[PDB]
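Reading the structure
Listed below are the residues making up each chain.
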Amino acid sequence: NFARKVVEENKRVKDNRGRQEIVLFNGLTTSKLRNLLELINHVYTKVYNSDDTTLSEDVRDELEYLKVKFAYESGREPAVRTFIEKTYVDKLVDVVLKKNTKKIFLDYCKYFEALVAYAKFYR
Amino acid sequence: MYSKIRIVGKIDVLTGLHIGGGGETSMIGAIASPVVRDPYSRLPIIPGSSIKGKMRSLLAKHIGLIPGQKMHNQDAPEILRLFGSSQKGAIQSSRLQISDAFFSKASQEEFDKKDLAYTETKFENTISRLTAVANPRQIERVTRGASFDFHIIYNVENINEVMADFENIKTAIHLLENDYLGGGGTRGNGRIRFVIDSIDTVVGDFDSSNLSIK
Amino acid sequence: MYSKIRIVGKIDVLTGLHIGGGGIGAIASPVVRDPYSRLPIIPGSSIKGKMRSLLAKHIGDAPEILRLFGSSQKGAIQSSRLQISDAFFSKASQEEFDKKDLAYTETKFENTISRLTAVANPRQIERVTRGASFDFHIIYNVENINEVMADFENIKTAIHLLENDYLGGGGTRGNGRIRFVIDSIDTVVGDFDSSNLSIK
Amino acid sequence: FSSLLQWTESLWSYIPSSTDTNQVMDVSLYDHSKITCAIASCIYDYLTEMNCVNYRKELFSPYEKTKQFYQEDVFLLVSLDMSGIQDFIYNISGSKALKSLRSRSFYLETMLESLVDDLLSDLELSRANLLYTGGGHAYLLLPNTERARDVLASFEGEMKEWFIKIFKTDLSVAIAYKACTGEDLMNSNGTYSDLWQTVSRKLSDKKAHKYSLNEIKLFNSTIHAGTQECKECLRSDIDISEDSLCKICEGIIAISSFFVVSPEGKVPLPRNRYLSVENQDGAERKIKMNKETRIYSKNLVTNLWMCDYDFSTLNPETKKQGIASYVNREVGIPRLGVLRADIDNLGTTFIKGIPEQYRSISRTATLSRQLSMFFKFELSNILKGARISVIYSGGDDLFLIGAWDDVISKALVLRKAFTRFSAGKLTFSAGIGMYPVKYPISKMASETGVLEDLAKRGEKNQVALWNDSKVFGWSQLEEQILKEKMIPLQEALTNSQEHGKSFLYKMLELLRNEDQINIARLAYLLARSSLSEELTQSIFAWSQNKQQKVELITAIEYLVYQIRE
Amino acid sequence: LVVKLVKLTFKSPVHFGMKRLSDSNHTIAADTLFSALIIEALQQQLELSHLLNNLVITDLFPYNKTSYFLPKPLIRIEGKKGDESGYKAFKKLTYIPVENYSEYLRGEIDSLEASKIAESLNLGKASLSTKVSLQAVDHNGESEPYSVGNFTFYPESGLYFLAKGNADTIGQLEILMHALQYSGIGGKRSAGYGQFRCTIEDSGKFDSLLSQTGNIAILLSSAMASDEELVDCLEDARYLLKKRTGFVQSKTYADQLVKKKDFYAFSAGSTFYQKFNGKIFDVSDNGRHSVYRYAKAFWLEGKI
C-alpha cells in the first residue's frame, strides 16, 4: 500500500485559514494531473491493443515523451512537482523503461491508478 | 423457407458520439459520463439496443403514436410487426435484430496513425439563470472521424409484407440520419450517417437485390 | 450397430451473451453459472431450444424436428438424437481473460424511455464478455443410417440460422450473437463414417 | 376428570409444588399432582392385577414393604414415535402445496393425539399418564400389568396394520417400552437417564426392523399400475379422483374451529375414524349425533397445544392465497424466507442437563411441559404482527415460512425470547433461506435444512443466512451486520434519490475481488459516491478487515433485497 | 467371479432424481444403472442374457481425493453414555471411507468423529437450474417456467461402483459402459445433464475388502429377496425399505409412457445375519416388453 502511505504522509489540512479543507501535495487536484493521466491512458490503450510481452518502440518513445511531460508539468505547477517527487513516479517511468515489458507497465499503471484513487479518497 | 436478410455497413459519426454506460479505465478521469466500451478491446461501442430504440421511437413518431400511450406494445401495427411485440396473447417476433456496432478497424488504424485517441473529452458548462456562474462539465465522446461496423438481420416471416417493411426501415434510417444517435444529441452530439455496404439474404431462397434502405 | 457422432467445438460470442437465471450474491439480471467454478455456461437446454425453434421456422409438429430433438406424444415417442451438453467456459479464454485483468462477465446498462412521460427507466443486465469462448459438446444418435445425412443437413441449417440469429437473452437488441467453430466431428461409438459430415 | 385435569393445568401451572423455600421450587403444583395421579393409577392397576387384599399390609405396615415396593418393577416407560412426518409434510409438489403445508402438519399432529388417546382409552387411564408429546414423539408412564403389555402389543399391531393400509410406508408408528422400578423414577440409584436411554435404544431398534415378512410380501406384490397419480405426493396405488387428487390429498385440501374425530369426516384417522374441522356448535351437533366422538380444541374438549399462527388467514384477501399473499410487496424483492430452527443438545439437556442429584420423573415432566408450552403458545405471541406462517413447532423442529425480512427479524426476536425463557442453558441453531415464489416446497425445505445443518457445526449458537458462506453468530447478525452496518447504509442511500441499487452492485463487484487495485478502486468509488466522510472511512475499514468485509457484504445484499423495484 | 471398480467422472452437471424433476440426488441405486445398462445393450443390439443372469453391481457411491466411500452400515452403535445427540450425529452421517469402515463396524468412532467423517466427504454441490417452455408462446400462450435439479461433482470427486461377473460379462460391461459414457446417466441426458467418462479397472484394495469375512453381511445394492429367502433373512436384521417407483422409458412399451408397478427394496448398507441373493424383479404390467428392476444382492462381510 505504498500509494496510500505516500498520500496520507502528504495529506494536510488548511489549518492556517481556520476553515476546514484537506490539501493533498500542497494543493494538488485531478485537474492538475489531467493532461499527464490522459497521456498515460493513451499509452495504456496502446500497450493493451498490442499483443507483445515486451514494450514496442512506439511505446518506449511515448514513455520518453511522458517523462518530458512529467518534467514540464513539474515546472508549470508546484503541486504536480511535489506529487511527482514524493511519489517517485518519473523514477518508476525510468524503471519501466529499463525493464521493457508489458507487465511492468501494467503494474506502473496500477500504481498510478492507486495514487489517484487514494488522492480522491482522502480529499 | 425461413429467409434472413443481412444488412452490413458502416456507421460514420459526423459529430462526437456519447453513448453513456458504467465505465472503468486506468486513471479514471473527473468525467462522470464515460462512453460505453467493448471491454475485450476497450474501444468505444454503439450498443445495438441504442440503435433499435432510437429507430423504433423515430419510426413510431413518424407513423403516429396513439394518444395516451402507456406502453411500447400500443404502437402502430407496422412498428410492432417490424420491431417485435410483447402484448399478452398477441406476441409478435422482432423481424429486425440490430447487433452492436463495434469500433471499425479502419478508424482504429486511422487513429493509430496521426497519434489520435479514439475518444475525446469535450469541456462544457451551464450558465445558471440566477447567479450567472459557469459550472464546468466534462463529457467523453467519440471523435468525428470514427466509424462503426453495423450488422442488422431482417427475418422474412411474411413474404408480401417485406417491401413495406423495408420502406419503413428506410424511413427509420432516413429519420435517424437527420436525427441523432444516443447522446446529448440536441446539443450537437451523436450525429450519424449510415453507409450500407451490402444487403444480401444470408439465409433462405428470398432475394433482396432490389431491396434498399438508403 | 448404433453410432454416436461426437461433435466438439467452440462457441465464440460476437456480442455479449446473457442467458439469465430465474432463481455469488445480489446481481442485477444474473447469467447462469456453473455451481462449483462459478464460470458462466451455456446450458444445453438453451442451445437445443434455439436450434429446434429455428428448424421449426425453416421447415414449417414436423417429423424431422421430432426425429432430431425427440418427442413424447401418444404414438409419437421418439428419443432425442441431439444430446447437446452444456457449453463450459473454455480454458484458453479463461487464461486470455486472466491476462489483461479482464472479468469474465460485464454489466450492460440500459434504459426504457416511456412513450407517455419520456422518462428513462434504468436497467442492468449481465453479459458474458465478447471475447469469451465456450466449449460445446454435441452427440448425434444414429438411429436411422438412412436419415442421418438429411438430419445433418437440417443440423447445418439450424447452426447457420443460429449464427445469423442470437442465443439466449435479448437478441433483437444485439445480445447473444455467437459463432460456432467445429473443431472436430468424430464417431466415438459405432462405425458410421462421418468424415464427409460437416456442420457449417 | 379430563376437564378437571385441564382446569388444574390452567390454574396450578405456576404454583410451586413444595412450599418450603429451602427445597428447590422447580416442580410446580400441577406437574407434581399430575405425576402423582399417573403413578397412583399405575400402582392401583398393578395391585388390582396382584389382587392385594390389604394395601397397608402390602406397603405400609412394616415400612420394609414400602422400600420393597419401591424396589419392584411396578411401572412401564413407553415411547411412541412416528416416522415419516417431515417427508409427508414437505415432499409435495404443485400450486396447492403452499396451502396444504400447514393442513398436513396439523393433520399429523391430530393423528398422533388420536393415537395416544386411543392408547390411553384401551388402558383405562387419563391424559395425566401422558408425560410428553411433541414432534411425532410421545412418552407415557403405564402400569406394568400383563393387561398393559397385552394392550401395548395389540395397539402396536393395530396401528402398524392401519398405517400400512392407508399410507403404505409413507408414515409409520413404533412403540417401545421398558419396565421401570420406582427407585428409577426416584433416581435413588441414579438409573433414571439410563432407563430413558434404554427405552430410546429399544425404540430405535424397533425402527430398524419396522416391517414383517407378510407386510414386505404384500408391499412387493401389486396387481396393476396406477396409470394416474396425484399432483402432490404422487401415489399411483390409491384411486386418484378427478383433478388428479388422492383421497387423502383432497381431504387435506378440504380441511384447509375445533377438530372432530368422528365416524364421518374429511381425512382418515386410525381405529376407523375421520378428522374434520368443525364449528363449535357444529362440533357439539356432531357429538350429539355420534356417540364416542373425541373433540380437540386448538390452544368434552381435549385442549391441544399447537402453534397455528398464519398471517394469511387473518385478512380475508390473504385467505385466498396462503403465501403468495406474503410474497407480494410494493418495495423489496418478492421472495420467501424459510426458517429451520432446532434446539441443540436437547437430548443432552434432558439427560446430562439435569444433574444426577436433580433427576426425577416430575422434573422431566416439568421440563418437557415448559418446552412444549413455549413452542406451542408463546411462539404465536412472538410472531404476532408478521407475515409468517408456522408449519411445524416443538423445538426439535421448526418451520416458519414468510417474507424473508420478516422471517429474519422474527428469527432474531425468537432468539432473544428463547434466551429469556431458557435463561441460558439452551442455544438453538437456525438456518434461513430466501427463495422465489413457485420454488418447489421440497427444495425449499431441503436447502434450508442443509443451512441449518451448517449452522449446527462447531458452536451450535449460529445462524446460516441465505448462502452457505454466511454463517454467523446471533450477536454478529443482530448488531454488526444489521444495526451497525445496514442501518447507516440505509440512511445514507435512502437520502439519495435513486436509493442506490447501482452503487450497491458496484460495491459488491469490487468486494468480490481480493486485488489490492480493487481496494484502490473501492476507495475511489466511495470517494465519488459522496457519502459522509466518517461513514466512508468506516466502510473502507470494514472492507480492509476480514470478517468485517463479509458483514459489510451481507448488509449490502440485505439492503439491495430491501429495495427492489 | 471377477470384480471391477468403475470410476465415473462427470464432465457436466448431473440430474439424478428421486421423485420430482426439481429433486437432485448425488447417487443412483443399482436399479437405475441396470436400467441404463439394459437400454444400452438393446441399443447396441447386444444380448441381455449376461446382464440378467450373472451381472452383480452395487449402487454408485461417492469418491474423492484418496478416499472411496461406502454406505453407512445399519448396525446398533452404542454411542456415548452421556449424550443422545451423538446418535443424531450418527444418523446425519451417511458415508464411511473404506479405510474407516472396519473401525466403524467395530465402534471406535465418536460422535464428533462421525460428524468429521460426514463433513470429510468432498462430493460436489447440488443446485436448481430454472428453464422455460416457450412452445406455447407461438400459438397464443405463455412461457411456462420449470426447474431441473442438477449436481456438480468436484474436480477430483465423482461416483464409483463395483461390478462382479464372468470374463464375458465383464467385457460386455466394458463395452456398454463405453457407450454409456456418451449416452449419459440421469434424468435430462437429452438436455445436457449427465455426460460422464468412466474408467474400469481391477482394484486390489476393494477386492481385499470384499475378501474379508465377518459374522454379519452388509448390502451394497438396493436389493430384495424372494419369499423362500425372505422368510429366513429377516430374522435379526436391520434394514430400510426404499420405495422404487418410476415411469417406463421406452418407445415400444406403449403408445404413451405409463408408470411401473411400485417396488420396495432393501437399501444399501442394511445388515443381515443371513445372506440372500436377489432376483431381477419384473415391474411391468400388460406391456409389450417386460420392464426389469434390479434387486440382486452385493454382499460385504463385516465384523461387529
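Summarised in this report is the structure supplied together with it. (Residues numbered from 1 in each chain as written, not as in the entry; some residues may be left out. Chains lettered and ligands numbered in written order. Part of a larger assembly, values for the part shown. Heavy atoms only, no water.)

1. Section: the arrangement of the chains
Using the following cut-off: Between two residues, a contact is recorded if the distance between any of their heavy atoms is within 4.5 Å.
Where the nine pairs of chains in contact are concerned, the greatest contact count is recorded for chains D and E. At the C-alpha level, the nearest point of chain A lies 31 Å from chain E, with no contact between them.

2. A look at a negative patch on the surface
Spelled out, the test is: Patches in this entry comprise residues that are over 30% relatively accessible and not in a salt bridge; like charges within 9 Å are linked, as are nonpolar side chains (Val, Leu, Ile, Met, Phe, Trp, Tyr) within 5 Å. Throughout, the Shrake-Rupley method with a 1.4 Å probe supplies accessible areas, and for residues the shown protein chains are the sole cover considered. We count a salt bridge whenever a side-chain nitrogen from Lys or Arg sits within 4 Å of a carboxyl oxygen from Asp or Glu. Charged residues are defined narrowly, with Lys and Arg counted positive, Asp and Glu counted negative, and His plus the chain ends left uncounted. Charged groups are reduced to one reference atom each: NZ for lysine, CZ for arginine, CG for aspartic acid, CD for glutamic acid. Per the convention used, a helix needs a DSSP run of H or I reaching at least four residues, while a strand needs a run of E reaching at least two, with both numbered from the N terminus.
On the surface, a cluster of negative charge is contributed by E57, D58, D61, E64 and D94 of chain A together with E109, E110, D112 and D115 of chain B. Breaking the negative patch down by element, the ones donating at least two residues are α3 (57-76) of chain A together with α3 (105-112) of chain B. Considering every element that reaches the negative patch, the biggest residue donor is α3 of chain A, with four residues. As for its position among the elements, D112 of chain B is in helix α3.

3. A word on the packing of helix α1 (residues 2-12) of chain D against helix α2 (residues 29-50) of chain D
Residues and elements named next belong to chain D. Note the following rule: All axes here are fitted lines through C-alpha atoms, helices being fitted over the stretch that makes contact, and every angle between N-to-C directions spans 0 to 180 degrees. Working definition: roughly parallel below 35 degrees, roughly antiparallel above 145 degrees, roughly perpendicular at 65 to 115 degrees, and oblique for all remaining angles. All residues other than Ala, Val, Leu, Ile, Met, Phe, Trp, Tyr, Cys, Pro, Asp, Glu, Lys and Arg, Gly among them, are scored as polar; the first ten of these are nonpolar and the last four charged.
The contact between α1 and α2 brings their axes to 8 Å, and the two run at 150°. When the axes of α1 and α2 are compared, the pair comes out roughly antiparallel. Residues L5, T8, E9 and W12 of α1 touch α2, and the partners they reach there are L29, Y30 and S33. Here the residues of the contact of α1 with α2 are counted per class, giving four nonpolar, two polar and one charged.

4. Focus on the pairing of strand β10 (residues 335-343) of chain D
All names here are of chain D. So the rule is basically this: Between buried and exposed lies partly exposed: a residue is buried under 20% and exposed over 50% of the maximum accessible area for its type, with that area taken using a 1.4 Å probe on protein chains only. Two strands are said to pair when DSSP picks up at least two bridges between them.
Counting buried residues in β10 gives nine out of nine residues, a clear majority hidden from the surface. Both β10 and strand β13 (residues 428-436) contribute to a ladder of nine bridges, which runs antiparallel. By the bridge assignment, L339 is partnered in β13 with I432. Judged from the three bridges that link them, β10 and strand β12 (residues 399-402) form a sheet pairing that is antiparallel.

5. Examining the interface of chain E and chain D
Just so we agree on the cut-off: By buried area we mean how much accessible surface two parts lose on assembly, using a 1.4 Å probe and totalling the loss over both. Nitrogen and oxygen atoms within 3.5 Å of one another constitute a polar contact, given that in protein one can donate a hydrogen and the other can accept it, and given that sequence-neighbouring residues count only through two side-chain atoms.
Counting residues at the interface gives 39 residues for chain E and 40 residues for chain D. Overall, the association of chain E and chain D removes approximately 3,600 Å² of surface from exposure, summing both partners, and the carbon and sulfur fraction of that is 49%. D83 of chain E is the partner of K352 of chain D in a salt bridge, and the nearest nitrogen-oxygen pair spans 3.6 Å. Along the contact surface separating chain E from chain D lie 13 residue pairs in polar contact. Looking at which element gives the most residues to the side of chain E that touches chain D, the answer is helix α3 (residues 85-92) of chain E, with four residues.

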